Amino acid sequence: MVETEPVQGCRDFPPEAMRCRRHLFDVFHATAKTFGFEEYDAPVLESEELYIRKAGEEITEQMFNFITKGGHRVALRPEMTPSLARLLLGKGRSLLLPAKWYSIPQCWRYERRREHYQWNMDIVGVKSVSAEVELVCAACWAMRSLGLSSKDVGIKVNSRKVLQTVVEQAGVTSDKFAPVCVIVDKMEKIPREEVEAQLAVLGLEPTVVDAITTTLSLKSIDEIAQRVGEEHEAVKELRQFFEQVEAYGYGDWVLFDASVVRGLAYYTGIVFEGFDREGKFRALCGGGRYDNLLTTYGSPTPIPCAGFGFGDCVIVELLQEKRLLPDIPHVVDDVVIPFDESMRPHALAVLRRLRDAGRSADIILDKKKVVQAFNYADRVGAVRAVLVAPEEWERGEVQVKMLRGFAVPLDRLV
């Protein structure tokens, strides 16, 4: 016997499971179309150098990499954003801006699952918070389309610029700001003692550490304004963001949370993440603005960007908990049934007619009795059974039976 289990940490999607995945992806595609985003894709295999950021990111640490026979260092992508930037950079100033690009790549890791699909949505060339507004509204729209409400989920929002100021003002070199965000990102998950210890190892003293902890636990935007003024660029941007989301009609879906930083080095501005309001699951999605990445890739001119990723695993757990993923059985419009094998040529002509009319149709393929053919029709979820028998055929007719029998002229079948 060959090994029937898939490779470690990887999923099979036989038809039943594939229908569930399609239910999800259909929503990602449909939301992207609704919001005017354009699809793209890139190879699952990228150069490892693409991901060397040196900020202690979990994503870059857990990289599924290997060496080709040719000696080239490659990885199965841990995320899509670097691939997106490569594409954008490759287009040069022929790229028309603003650009709104989406994809649903399988991404990988090695440490538990080693693969997941991740809906990616990115707006490129837009400096203002309107980009983040649209992105967050798109994530809410996807969740609403799956049957969830603002009672089930929300999106927590913050800006890294608040922390940027505190870190700069405390005398810390800005090369440590990204590593700091990575550490601070672990705040909720591990003990405060341990997070402070990690900040200590970076070469930051207790005073600096205190200033960071205090700002992360500020519970409102007015309180941020007290620490940094009402006209600190982050205050205006957040307020603008909330005003715009409210005008769009998703005000009940979003809220401020000063503890949201995200785990990736490249975010520079607004950051956000989706969560379930029962506090049972990990983040549903996550993103933010990353205005410097393209500059760090060698873009001659800075290109503002913002986007998010939205994984396939947590959302499904949530939807299952809420009873929003019932199995949808397979369906087919018609099952054509030869009365016997001598009727097969005629039944094939009928099959052609039905498909020509845009219907989905099967024909009984092997030899079986009429009753078993009706049972098969039921099992495959046929709406209609079309029996092709000698006597009806002589009359220019077939027998039609709605499954969820009467003689009908061929032409009236469709």
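Residue numbers run from 1 along the displayed sequence. What we label the rigid core is the largest C-alpha set whose atoms superpose within 1.5 Å from one form to the other.
Between 278-286 and 71-79, larger RMS Cα displacement in 8 other deposited structures of this protein after core fit: Clearly, after the core fit, the stretch farther away in 8 other deposited structures of this protein is 71-79.
Divergent stretch in 8 other deposited structures of this protein, 117-125 or 226-234 [C-alpha RMS, superposed by the core]: Taking the RMS over all superposed structures in 8 other deposited structures of this protein, 226-234 lies farther out.
Chain break class at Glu111/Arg112 - deposited residues not modelled: Unmodelled stretch: 4 to 9 residues.
Unmodelled stretch of the deposited sequence separating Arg404 from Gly405, binned as none, 1 to 3, 4 to 9 or 10 or more: Missing in between: 10 or more residues.
Entry-level comparison of average CA B-factors, 267-275 and 175-183, reporting the higher stretch: Of 175-183 and 267-275, the stretch with the higher C-alpha B-factor average is 175-183.
Stretch with the higher entry mean CA B-factor, where the candidates are 235-243 and 307-315: Looking at the record's C-alpha B-factors, the answer is 235-243.
Candidate residues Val129, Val209, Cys107, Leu84, the one whose C-alpha B factor the record puts highest: The listed residue with the largest C-alpha B-factor is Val209.
Maximum C-alpha temperature factor, selected from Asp291, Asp257, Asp222, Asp333: By C-alpha B-factor in the record, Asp222 ranks first.
Record-listed C-alpha B factor of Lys368: chain third: Highest third, going by the recorded CA B-factors of the chain.
Modelled-residue ranking by C-alpha temperature factor, third containing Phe37: Ranked within chain, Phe37 CA B lands in the lowest tercile.
Where the record places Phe66 (Cα B-factor, split into thirds across the chain): For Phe66, the deposited C-alpha B-factor lands in the highest third.
Ranked C-alpha temperature factor of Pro326 among modelled chain residues, by third: It falls in the middle third of the chain.
CA B-factor ranking of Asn375, expressed as a third of its chain: Its C-alpha B-factor, which the entry lists for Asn375, ranks in the middle third among residues of this chain.
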